[PDB]
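Below is one structure, written out as structure tokens; comments come after it.
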Amino acid sequence: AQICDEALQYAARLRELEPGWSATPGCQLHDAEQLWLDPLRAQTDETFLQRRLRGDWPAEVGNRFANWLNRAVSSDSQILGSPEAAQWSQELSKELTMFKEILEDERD
Amino acid sequence: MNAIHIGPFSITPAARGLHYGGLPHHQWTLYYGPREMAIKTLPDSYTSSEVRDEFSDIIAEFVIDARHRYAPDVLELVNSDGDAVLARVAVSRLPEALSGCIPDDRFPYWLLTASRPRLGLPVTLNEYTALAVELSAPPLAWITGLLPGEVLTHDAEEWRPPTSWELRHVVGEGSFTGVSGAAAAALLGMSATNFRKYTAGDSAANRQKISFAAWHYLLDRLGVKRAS
Amino acid sequence: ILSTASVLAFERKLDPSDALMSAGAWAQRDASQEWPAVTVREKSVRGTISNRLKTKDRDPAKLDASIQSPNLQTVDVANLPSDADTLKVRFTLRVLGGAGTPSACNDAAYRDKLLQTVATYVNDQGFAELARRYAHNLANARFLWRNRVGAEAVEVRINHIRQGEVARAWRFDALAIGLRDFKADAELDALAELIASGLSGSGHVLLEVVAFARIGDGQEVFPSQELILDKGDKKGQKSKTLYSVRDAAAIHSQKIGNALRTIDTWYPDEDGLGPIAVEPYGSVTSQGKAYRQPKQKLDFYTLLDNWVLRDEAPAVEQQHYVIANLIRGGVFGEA
Amino acid sequence: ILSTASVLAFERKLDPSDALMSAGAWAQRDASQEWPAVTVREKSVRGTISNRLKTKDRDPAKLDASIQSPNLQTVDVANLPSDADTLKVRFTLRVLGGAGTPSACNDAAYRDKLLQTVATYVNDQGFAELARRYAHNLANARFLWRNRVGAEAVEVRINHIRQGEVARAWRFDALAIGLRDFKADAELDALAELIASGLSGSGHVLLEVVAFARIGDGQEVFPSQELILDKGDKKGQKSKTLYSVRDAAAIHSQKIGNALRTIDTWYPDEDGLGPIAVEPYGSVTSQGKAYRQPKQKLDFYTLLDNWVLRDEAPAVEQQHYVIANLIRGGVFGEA
DNA sequence: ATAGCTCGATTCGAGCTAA
DNA sequence: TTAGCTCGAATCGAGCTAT
């Protein structure tokens, strides 16, 4: 539960930067998560990107973050073979549940 | 001030001085023999036991690296599957008959290496204990990586007596074993005054060399070699 | 005491090239050398939400909102020209030999024992029955995986190159040769004995395999699929990309060799579904259910270890399968 | 008492260049100076579980779950064009000489005696047997490591480039001069004194070696492989990486020079394997073992001290091994 | 515990004989 | 391999010191 706060605290300090930092040209800029990384780009683009956050309601960034944290767990076959990875997946499912819950009602 | 000698390490000061800020200052240089590890500018108000504490962390990191990179090879005793490690022993040298092996069911006990291309040998418990007795590694066997191979050899014709600096690796207050000269002399059954002649440096009057039997028995008693 | 090596890597035998794709008309196949290559094109698509929901998305308030903004994708496709109805593929296949010799080994006594084990097999049973089923997989266009599932007529041409010029030409018809029956034929035995010549190391074998399939006027062909890094936008996701070597849709070489390996029939489960590829633990990616389980001790490793270490020779019928995996090679031998 | 030197760093002789690979068709190798280079491209693969399991993953539920979660990785692949069947590899080889002189040596007494020992060897016999076996490895496509195991016709052309121009040309058949025996040939002996003059130090010598091989149309070529830092995603794992200099697949210089080093037939073990490279302790990477172990006293280091310190020279075939390792170069002495 | 000294007695190596 | 023997040189113990 402490991981998603500092993840949100990370997105807190991206809100203080330039409104259109992610709108610059670039070959690789992680546009899949750009709907949540830059909330202030909706003010610059009234219809080009404001409705993109409204229409899509990005919640798969948490799925991308879930794949990242899967690299942060110990790669032990004993945990996967036994039920140790079961409740670890149960706590992974629930902790990403209210984490993703914040992102959909960000437009309010 | 004075050059602080901590076992094989020697913190020598700069002959000239400097005034960083307004206070007097000197450059203290840590040495591992002919190897220079650090220069640290320190005041003249510090005592020797405080410059020693200032340079202690680099020495501790050096000792950690030396213990890790010269750790003896570990052998593993496993069942007829190779998944469960029943017993592990650190060895100074591998068994003579090791070949690339994957455990099977026809033998109950297998002696595999800890390296991922696991060499192995089918053994029983009695032969495993014979190999463990013959091949075991002493607790301070990592100090042999910091010593030349011609001072650790058991062949008397190819053996060279260790120098004073190579002797400071295993005996002394700031040595890698931590035993004093009096304790080392008591382990060799000789007087401390004669061992101080072994550990004497730069004093050409009355400086002696250790013998083959004394050196190897000392390495036996300190836990560095020949303690299988 | 002899034991298996820690590393037992084998090189791959019967290595095929990358099968190109060119399009043309039927009965023009005798002059299909300069046929135009199949080029991958681009289509922008959208799709309604059709995947199975998780019982929490089934509310009509948000299910109707799901189809308000359906996902947009940009898919790569491979289609024939309008004035073309025949798909032509071409690749070369070599037969190397030396199945029992590993590229890398650890135990010298185990390597010698494995060589003696495969030496007794060759004299007792030559590289013939495996070579026959390798000829059938060359005969029918199984390497056209889904490019022949509804094809009216498929013809396969197999040539033999010695000094840059064709020596013996083999022509088969794939519709007559089923994917489930491994029969006997005089033309296939001529091909099979050539495979046996390469497998035994007698001589060099280089086969140019050209297959023609009748699909339709301007339909879609199905080449190998690549991977997408997915770093773009959510509208131009580029969810599909097809294999192409030089502006020409093609098939992976391991895709061709996968179908050429589909000779394993003898797995202890029921064989009504058909043959499978010779692999350790007898697995195909289509069903996700592996035959030859280690619990039933009919896998590669249990059969290989018993036949070499314990000298437990199995029947003649499964030892065709342990050598077959030595043909494809592998990285056999764990820590 | 003539103790050995603590540092004995030796410069390496027979320095090869990177072997650039370009492609084309046979019978055009006389004008092969504009052949298109073998390009490095990317393809995606997937595989099944073909490795041994640690007695716990052999459960049918766990094994099938691994098949349901496939390992998708991309690999580096190099292939010939579909209209090209000839692979040429071009590297330059320069012979230096002065093999007895070390770059670093502490004891001046040891350097004088070592130079005296090398000079005593040269007067008894020159670098003739050494260069004969070196030219034999140049005669065959041994440096064309895995592209020769299935070559139908492989041919080399060696040119003596003295003043930037062909002073003397050579043309050999690599399949005829096999990688098993070192016989005698008049044209091979003509090459022998060219390297022998370079090894002796009479004058500057530089060679260019181009090896054409009949591979096949679109077949898989094998350049030298690279290391992967293993930082990206598991789907884009890049499990294989090949060596290229400028959009052209190439072979490492030390990979080429290792094959030219393969002249050691004098190791005490049985000759079922054949010649190996001349490096101390006789290490064979593929077999994971070491011929000329120090226990039976036939490695480089014990022979060197016997020859130099206590003056007991080894056998004449063992003296070839010592000088070949001296030509090979290394960081000798107590490091 | 470090560092080093002197002084007379004991040990030590490499010659040698003696068998 | 046993069984010794000189002869100068290095080592050994036990006295003292110094830091």
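Scope of the values below: all heavy atoms of this structure, side chains included, with no hydrogens, waters or symmetry mates. A note on names: the letters A, B, ... follow the listed sequences, proteins ahead of strands, and every chain is numbered from 1.
- A side-chain donor-acceptor contact under 3.5 Å links D:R292 to the backbone of D:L298.
- Between B:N206 and E:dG4, a side-chain N or O to OP1/OP2 separation shorter than 4.0 Å is absent.
- Between B:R168 and the phosphate of E:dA3, there is a side-chain N or O to OP1/OP2 separation shorter than 4.0 Å.
- Nucleotide F:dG15 holds its P atom 18 Å from the CE atom of B:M190, rounded to whole Å.
- Inspection of the B:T193 and B:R196 side chains reveals no N or O donor paired with an N or O acceptor under 3.5 Å.
- A close approach under 4.0 Å does occur between a side-chain nitrogen or oxygen of B:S203 and OP1 or OP2 of E:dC5.
- Within 4.0 Å (heavy atoms only), B:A205 reaches sugar-phosphate atoms of the nucleic acid but no base atom.
- Counting atom types as modelled, B:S191 pairs no side-chain N or O with a base atom of F:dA14 as donor and acceptor under 3.5 Å.
- B:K197 comes within contact range of at least one nucleobase, with a heavy-atom separation under 4.0 Å.
- Within 4.0 Å (heavy atoms only), B:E173 reaches sugar-phosphate atoms of the nucleic acid but no base atom.
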Practice task
Evaluate the ring-ring contact (aromatic ring centres under 6.0 Å, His included) criterion for residues B:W159 and B:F212: first the C-alpha distance (whole Å), next the side-chain angles of each, then the deciding distance (0.1 Å), finally the verdict.
Solution key: CA-CA 8 Å; B:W159 181 77; B:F212 183 90; 5.3 Å; yes
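- A sub-4.0 Å separation between OP1 or OP2 of F:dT11 and a side-chain N or O of B:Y198 is absent.
- Within the cation-pi definition used here (under 6.0 Å to the ring centroid, within 45° of the axis), D:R328 does not qualify as a partner of D:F300.
- Counting non-hydrogen atoms under 4.0 angstrom, B:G189 reaches the backbone sugars and phosphates but no base.
- When rounded to the nearest whole Å, the span between CZ of B:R207 and P of E:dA3 equals 13 Å.
- Nearest-nucleotide mapping onto DNA chain F: of B:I210 and B:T193, the residue sitting toward the 5' end is B:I210.
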